[PDB]
Enquirer: 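Mind looking over this structure? Questions follow.
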Amino acid sequence: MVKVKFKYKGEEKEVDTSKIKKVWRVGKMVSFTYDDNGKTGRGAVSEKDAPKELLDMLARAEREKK
DNA sequence: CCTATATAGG
DNA sequence: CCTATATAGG
């Protein structure tokens, strides 16, 4: 399935897009929270590095709560 | 380095 | 209030 590779405390981490709870933009940074094994995890990626699915959840987050 | 940015999180 | 993320440079 689709995955997003992001940094976390100096290391590359990966998470399935299906686990993402909320995604939002901060300029060129795309931040998000995810269900992390029962607790909330966080991550962010550069907009250029975001996978399509994440950018769609983004557009549908704000470009779909207008 | 720092401050700011959006957001969530007992 | 603090922290974590990418980027700006206000």
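Computed from heavy atoms alone, side chains included, the values below leave out hydrogens, waters and symmetry copies. Proteins come first, then strands; the chains are lettered A, B, ... in the order of their sequence lines, and each starts at number 1.
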Enquirer: A:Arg25: what forms a side-chain hydrogen bond (donor to acceptor under 3.5 Å, both in side chains) with it, not counting sequence neighbours?
Expert: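 In terms of side-chain hydrogen bond (donor to acceptor under 3.5 Å, both in side chains), with neighbours along the sequence ignored, A:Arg25 is linked to A:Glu47.
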
Enquirer: Scan residues 33-54 of chain A against DNA chain B and write down, sorted by residue number, each residue with any heavy atom closer than 4.0 Å; if none is found, say none.
Expert: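 Residues of residues 33-54 of chain A under 4.0 Å from DNA chain B: A:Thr33, A:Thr40, A:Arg42.
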
Enquirer: Can you tell me how far NZ of A:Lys19 sits from CG of A:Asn37, rounded to the nearest 0.5 angstrom?
Expert: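 Answer for the CG-NZ pair, A:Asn37 versus A:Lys19, is 7.0 Å.
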
Enquirer: If I pick the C1' atom on B:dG10 and the same atom on C:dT5, what distance separates them, to the nearest angstrom?
Expert: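 Roughly 22 Å separates the two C1' atoms.
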
Enquirer: So do the side chains of A:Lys5 and A:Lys13 get within less than 4.5 Å of each other, counting heavy atoms only?
Expert: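 No - every pair of side-chain heavy atoms lies 4.5 Å or more apart.
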
Enquirer: Looking only at non-hydrogen atoms, find the nearest pair between A:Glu64 and A:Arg60 and report the distance.
Expert: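 Heavy-atom minimum between the residues: CB-O, 2.9 Å.
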
Enquirer: Consider only side-chain heavy atoms of I, L, V, M, F, W and Y, link residues closer than 4.5 Å, and tell whether A:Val2 and A:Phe6 are in one cluster.
Expert: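 Each belongs to a different hydrophobic cluster.
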
Enquirer: Walking along DNA chain C from 5' to 3', note the first and the last nucleotide with an atom under 4.0 Å from a heavy atom of chain A, and give both.
Expert: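 Going 5' to 3' along DNA chain C, contacts run C:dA4 to C:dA8.
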
Enquirer: Rounded to the nearest 0.5 Å, what separation is found between the OG1 atom of A:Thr33 and the CG atom of A:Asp35?
Expert: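 Between A:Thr33 OG1 and A:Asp35 CG, I get 9.5 Å after rounding to 0.5 Å.
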
Enquirer: Using links of under 4.5 Å between side-chain heavy atoms of ILVMFWY residues, direct or through other members, which residues join A:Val26 in one cluster?
Expert: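 For the cluster that includes A:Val26, the remaining residues are A:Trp24, A:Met29.
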
Enquirer: Over 60° means perpendicular and under 30° means parallel, so tell me whether A:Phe32 and A:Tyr34 are parallel, tilted or perpendicular.
Expert: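 It falls in the tilted class, 30° to 60°.
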
Enquirer: Give A:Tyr8 one of three labels, base, sugar-phosphate or nothing, depending on what nucleic acid heavy atoms sit under 4.0 Å from its own.
Expert: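 Result for A:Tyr8 = sugar-phosphate.
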
Enquirer: Taking the six-membered rings only, are the centres of C:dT5 and C:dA6 under 5.5 Å apart with their planes within less than 30° of each other?
Expert: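 Judged on centre distance and plane angle, the pair does not count as stacked.
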
Enquirer: Testing A:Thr17, A:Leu58, A:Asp56 for side chain to side chain contact (heavy atoms under 4.5 Å, CB included) with A:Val23, which one passes?
Expert: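 That would be A:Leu58; it is the only one of A:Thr17, A:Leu58, A:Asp56 passing the side chain to side chain contact (heavy atoms under 4.5 Å, CB included) with A:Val23.
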
Enquirer: Under a cut-off of 3.5 Å for both distances of each Watson-Crick or G-U pair, what dot-bracket string does DNA chain B give, using [ ] for crossing pairs and | for inter-strand pairs?
Expert: .|.||||||.

Enquirer: Using a 4.0 Å cut-off on heavy atoms, which residues in residues 10-25 of chain A reach DNA chain B? List them by number, or say none.
Expert: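 DNA chain B contact set from residues 10-25 of chain A: A:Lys22, A:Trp24, A:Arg25.
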
